[PDB]
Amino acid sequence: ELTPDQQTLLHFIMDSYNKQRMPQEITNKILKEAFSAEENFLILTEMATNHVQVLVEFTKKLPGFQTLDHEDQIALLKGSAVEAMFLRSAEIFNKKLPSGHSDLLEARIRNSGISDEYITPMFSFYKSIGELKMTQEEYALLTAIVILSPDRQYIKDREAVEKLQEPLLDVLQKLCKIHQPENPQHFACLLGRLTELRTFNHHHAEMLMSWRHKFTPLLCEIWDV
């Protein structure tokens, strides 16, 4: 059971996580736009760009994040952007769309000029995560934990990041005991998906160097393209 300060932290996180969702114009573009590599690619670029905005807004509200050294703030954002994008994309793919829109988004992703080297681990990861049957609290906390990863490159004050991450891990741990007492290794299973997640750093770097369609200036900045 959650201590009342753990409850206050969860509630604060969830309010920030629920605050920004997927705009209707993009969602309708999934259903209604022409299907072609260039057009499919553009939709996805537009989803990724909206995600970056949402990610920065959520990150800025994480307890303690604004007290960190300004260079550390940037390193955490840059270091977590891809992983957090994949985590949100899994949530959207499994939970936040009608059955129709998921099938069509999958099709669009599979025909957007992306290599098969990258597609296969992607859908494998989405099916893996989908089989965990995560709640929205679990997605919110895992997103926060991935952002506040103290082992990113060029983080000066790693201990300071550990302190911000640890309370979120403790809460996530209690939610895995509560919502699945059936499975006492469920917490570790979740943290296993973080390992899968980290592989998308290599895959995403590869897909990026293997270009040149234009990205947005925000995407180029946060991906270092």
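What we label the rigid core is the largest C-alpha set whose atoms superpose within 1.5 Å from one form to the other. Numbering starts at 1 and follows the sequence shown.
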query	finding
In 9 other deposited structures of this protein, rigid core aligned: more displaced of 104-112 and 134-142 by C-alpha RMS	104-112
Between stretches 145-153 and 117-125, more displaced by Cα RMS in 9 other deposited structures of this protein (rigid core superposition)	117-125
Length class of the unmodelled deposited segment, which would lie between residue 212 and residue 213	1 to 3
Residue stretch of maximal mean CA temperature factor, 97-105 vs 118-126	97-105
107-115 versus 77-85 - greater average Cα B-factor per the deposited record	107-115
Residue with highest C-alpha B-factor in the PDB entry, from 189, 30, 55, 171	30
Among 195, 50, 67, 180 - the residue whose C-alpha B-factor is largest in the record	180
Relative C-alpha B-factor of residue 167, binned into the chain's lowest, middle or highest third	lowest
Among modelled residues of the same chain, the CA temperature factor third for residue 136	middle
Lowest, middle or highest third - CA B-factor, residue 44	middle
Residue 160 by Cα B-factor - lowest, middle or highest third of the modelled chain	lowest
Cα B factor band for residue 92 (lowest, middle or highest third within the chain)	highest
